[PDB]
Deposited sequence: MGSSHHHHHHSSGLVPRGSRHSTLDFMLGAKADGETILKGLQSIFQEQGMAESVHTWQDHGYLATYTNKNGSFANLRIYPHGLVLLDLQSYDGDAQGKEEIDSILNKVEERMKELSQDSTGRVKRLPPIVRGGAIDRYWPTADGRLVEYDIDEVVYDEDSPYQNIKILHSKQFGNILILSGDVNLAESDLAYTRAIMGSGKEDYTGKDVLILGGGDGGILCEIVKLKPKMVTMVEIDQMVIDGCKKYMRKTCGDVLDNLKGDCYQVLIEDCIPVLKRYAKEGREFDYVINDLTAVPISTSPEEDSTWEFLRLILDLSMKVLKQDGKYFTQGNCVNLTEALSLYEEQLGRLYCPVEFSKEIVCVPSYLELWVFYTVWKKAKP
């Protein structure tokens, strides 16, 4: 479950130099020789540890160890000293495999990143989604929904951007929030004296988790679903969006803070187009819609998202901004959408 690696990039001899080290440790060897692809040598230890040593023909040498800790540290050290005599080196941090505390959460653009996580605070499946809250030293508690990092206690920048980056005056305004169960936006918007904020969150268990564990993002705003100038509704935002349109209710601001794949109990792109149509129908002619776009590098996904903006019952314009959100480890795009003036 501890997997160590060692890479050598150079310009049979290497095998003969390295083999020695493994015999010296009492490990048993078996070599597979390839016609013009070099060698694979496997090394098994009594204690149930093993090493793989791949030697490609063009001077690429890769070594793996799997697992007492110091033994292997020292063995990799022996491999470096020996390779110095025999003559680029890469010795990445070992990867824990099957740890009780899971540190690896790839970015939306498919990059491998290890987080500074020391404690599983919350891990529960809800009717809709897996919900984890993992503690980071630097990032505080982090909310992770269906394996996608949503927000850490450090990510005020996300909230700032989806709120229009300080350009908007929320004083006495009517606001709708879709999703947003971390309480981030609701917490910050309520300090600003809106007339009324409505947040529609389908998953009570996300709120439960966040109220207890992300208080540095939501403060106390999530303790009562109903407050001075705000209400939290536990339902699917789709039907709520329809009700509001049907009664012809409109808002100054609509803020879509759903997960990347919204939750449905009723293709993914049609769904996004649907929410936009509904949000527009309840958005004041002179109002604004804000939402999270995607990471900067998912250009095809950003491009398909903007096709949906062109597919709505009404013409709209939009602006984009790139924002650095601390726990994301990839820059993120946020959208501002508005109705085209008649």
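Enquirer: Write out the missing regions of the deposited sequence in sequence order, one range per stretch.
Expert: No C-alpha for residues 1-18, 30-34, 91-96, 117-121, 301-304, 381.
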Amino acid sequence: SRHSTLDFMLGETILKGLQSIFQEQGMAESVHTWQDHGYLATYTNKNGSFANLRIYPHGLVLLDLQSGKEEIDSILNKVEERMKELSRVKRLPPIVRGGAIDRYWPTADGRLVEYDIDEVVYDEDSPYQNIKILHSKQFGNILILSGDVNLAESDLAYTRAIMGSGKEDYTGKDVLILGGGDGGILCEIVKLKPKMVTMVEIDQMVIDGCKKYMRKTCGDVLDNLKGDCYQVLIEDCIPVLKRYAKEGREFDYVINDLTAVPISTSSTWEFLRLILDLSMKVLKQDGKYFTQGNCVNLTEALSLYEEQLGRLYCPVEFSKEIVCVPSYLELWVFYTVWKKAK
From here on, numbers count along this sequence of modelled residues.
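Enquirer: Averaging only over Cα atoms, indicate whether 325-333 or 19-27 has the higher B-factor in the PDB entry.
Expert: For C-alpha atoms only, the mean B-factor is higher in 19-27.
Enquirer: Please compare 202-210 with 189-197 and name the stretch with the higher mean C-alpha B-factor in the deposited structure.
Expert: If you average the C-alpha B-factors of 202-210 and of 189-197, the larger mean comes out for 189-197.
Enquirer: Highest Cα B-factor in the PDB entry belongs to which of 288, 54, 281, 311?
Expert: Answer, based on the entry's C-alpha B-factors: 54.
Enquirer: Take the CA temperature factors straight from the PDB entry and tell me which of 103, 215, 111, 78 peaks.
Expert: By C-alpha B-factor in the record, 78 ranks first.
Enquirer: Grab the CA temperature factor for residue 126 from the record and place it in the lowest, middle or highest third of its chain.
Expert: Middle third of the chain for residue 126's C-alpha B-factor.
Enquirer: Would you please rank residue 116 by its C-alpha temperature factor against the other modelled residues of its chain and give the third it falls in: lowest, middle or highest?
Expert: Its C-alpha B-factor, which the entry lists for residue 116, ranks in the middle third among residues of this chain.
Enquirer: Can you tell me which third, lowest, middle or highest, the CA B-factor of residue 277 falls into for its chain?
Expert: Residue 277: CA B-factor falls in the lowest third of its chain.
Enquirer: Split the chain's modelled residues into thirds by Cα B-factor; is residue 226 in the lowest, middle or highest one?
Expert: Residue 226: CA B-factor falls in the highest third of its chain.
Enquirer: Just say lowest, middle or highest third for the CA B-factor of residue 167 relative to the other modelled residues in its chain.
Expert: Middle third, going by the recorded CA B-factors of the chain.
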